[PDB]
Amino acid sequence: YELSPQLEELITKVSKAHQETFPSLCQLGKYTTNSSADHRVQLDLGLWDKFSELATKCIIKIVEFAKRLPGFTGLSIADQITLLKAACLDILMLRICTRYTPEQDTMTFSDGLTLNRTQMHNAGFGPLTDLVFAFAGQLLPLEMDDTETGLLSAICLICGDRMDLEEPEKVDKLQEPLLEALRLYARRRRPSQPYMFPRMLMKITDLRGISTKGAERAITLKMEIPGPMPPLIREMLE
Ligand SMILES: O=C(O)c1ccc2cc(-c3ccc(O)c([C@]45C[C@H]6C[C@H](C[C@H](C6)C4)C5)c3)ccc2c1
């Protein structure tokens with residue numbers, strides 16, 4: 001016993017918020033491009049234009065997802081912004097990792113655009129490509145479903161340990177039921193895999209590491225593009 005209708009409602013609210021701001025790989029009509037498909041180059045300007053537009057669109061969806069999380073809009077507008085700026089890269093990574101097709105070694109974006117590893121390199125990832133693909137491959141054995149990805153994204157976002165929070169205690173209190181919800185959900189879905197909940201939480205460390213490497217890549221990439229990065233990407237990286 002000790003089940004809670006409030007905790008069940010939180011699981012569904014978070015899963016739906018994620019699913020409604022992020023299509024599943026199976027619901028997308030994949031399409032390709034022949035742009036710099038067979039050889040790595042410093043930067044393909046055509047691919048960067050399409051990729052950075054897809055990144056802007058996903059940052060907007062991440063903000064929509066956040067505003068749907070119970071209690072998020074109850075935090076001060078400064079803390080809402082602080083939390084989004086701090087976790088957006090972590091969430092973009094979790095999201096693109098669910099869009100990895102190992103057989104074809106491709107990533108699929110929300111309009112269905114499917115890029116191979118060389119194309120992901122040429123679109124802007126550059127020296128970060130292989131690490132991102134390695135991260136996606138190591139997330140695959142966890143076999144997380146949409147609810148679990150949604151809950152883990154909400155846990156990364158609602159984090160009281162981010163710098164410059166006005167009400168970190170309030171953020172910590174809001175994160176507590178998200179952790180309870182993920183543990184309850186994960187254990188009930190796969191009771192024969194009790195290590196799944198701590199494996200998901202331990203992934204946050206490598207997710208932060210790959211986000212730090214993302215920020216490092218934005219520095220060098222800036223020197224390669226002809227103009228400034230899209231404004232919402234700049235909001236994320238400041
Ligand atoms: O359509 C989608 O469903 C979708 C999902 C996940 C995404 C994830 C990224 C995404 C994920 C991790 C990243 O490190 C980045 C970058 C960080 C900085 C340095 C590079 C150029 C840009 C600045 C973007 C790489 C973008 C980009 C676009 C994405 C689009």
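Conventions used here
- Residues numbered from 1 in each chain as written, not as in the entry; some residues may be left out.
- Heavy atoms only, no water.
- Residues with missing side-chain atoms left out of burial classes, pairs and counts.
- UniProt positions renumbered as here; feature names shortened; annotations may be inferred.
- Core = buried A, V, L, I, M, F, W, Y, C linked by side-chain atoms within 4.5 Å.
- Buried < 20%, exposed > 50% of the residue type's maximum accessible area, 1.4 Å probe, protein only.
- Contact = heavy atoms within 4.5 Å.
- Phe/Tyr/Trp six-rings, centres within 6.5 Å; stacked < 30°, edge-to-face > 60°.
- Helix = DSSP H or I, 4+ residues; strand = E, 2+ residues; numbered from the N terminus.
- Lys NZ or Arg CZ within 6 Å of the ring centre and 35° of its normal.
- Salt bridge = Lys/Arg side-chain N within 4 Å of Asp/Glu carboxyl O.

By the naming in the PDB entry, the chain is Retinoic acid receptor gamma, taken from Homo sapiens. Quoted verbatim from the Subunit field of UniProt, the annotation for the chain is "Homodimer. Heterodimer with a RXR molecule. Binds DNA preferentially as a RAR/RXR heterodimer. Forms a complex with PUS1 and the SRA1 RNA in the nucleus." Turning to the chain, the UniProt annotation filed under Sequence similarities states: "Belongs to the nuclear hormone receptor family. NR1 subfamily."

Participant: Provide a residue-level description of the nonpolar core, including the pertinent values.
Facilitator: Residues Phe72 and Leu157 are the most contacted members of the largest nonpolar core, which totals 71 residues. Not counting residues up to four positions away in its chain, the partners in contact with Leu157 are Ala66, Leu69, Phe72, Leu83, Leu84, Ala87 and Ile91.

Participant: Got a sec to walk through the packing of aromatic side chains? Specific residues and values, please.
Facilitator: What describes a pair of aromatic rings is the distance from one ring centre to the other and the angle between the planes of the rings. One pass over the full model with this rule turns up four aromatic pairs. Ring centres 5.8 Å apart and planes at 75° place the aromatic pair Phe51 and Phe109 in the edge-to-face group. Of this pair, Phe51 sits in helix α2 (residues 45-67) while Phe109 is found in the loop between β2 (106-108) and β3 (114-116), placing the two residues 58 residues apart along the sequence. Like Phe51, the residue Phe109 is buried in the burial classification. Measuring from centroid to centroid gives 5.5 Å for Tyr100 and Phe133, while their planes differ by 85°, and the two rings are edge-to-face. Taken together, the residues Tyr100 in strand β1 (residues 100-101) and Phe133 in helix α5 (residues 129-139) connect sequence positions 33 residues apart. Summarising the burial analysis for this pair, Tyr100 and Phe133 share the class buried. One aromatic cluster is present, formed by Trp48, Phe51, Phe109 and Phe125 through successive ring pairs. Over the aromatic face of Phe65 sits the side chain of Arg95, whose NZ or CZ is 5.8 Å from the ring centroid. Of note, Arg99 hangs over the ring of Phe22, and the distance from its end group to the ring centre comes to 3.9 Å.

Participant: Lay out the pattern of salt bridges in plain terms, naming residues and giving numbers.
Facilitator: For the coordinates displayed, the defined rule picks out 14 salt bridges. For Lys173, the salt bridge is made with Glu176, and the minimal N-O distance between the two is 3.2 Å. Taken together, the residues span about one helical turn, with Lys173 and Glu176 both in helix α7 (residues 168-189) at a distance of three residues. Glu176 sits in the partly exposed class, given a relative accessible area of 43%. Between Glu224 and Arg217 there is a salt bridge whose closest N-O contact spans 3.0 Å. A residue is classified by how much of its surface remains accessible, and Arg217, at 9% relative accessible area, is buried.

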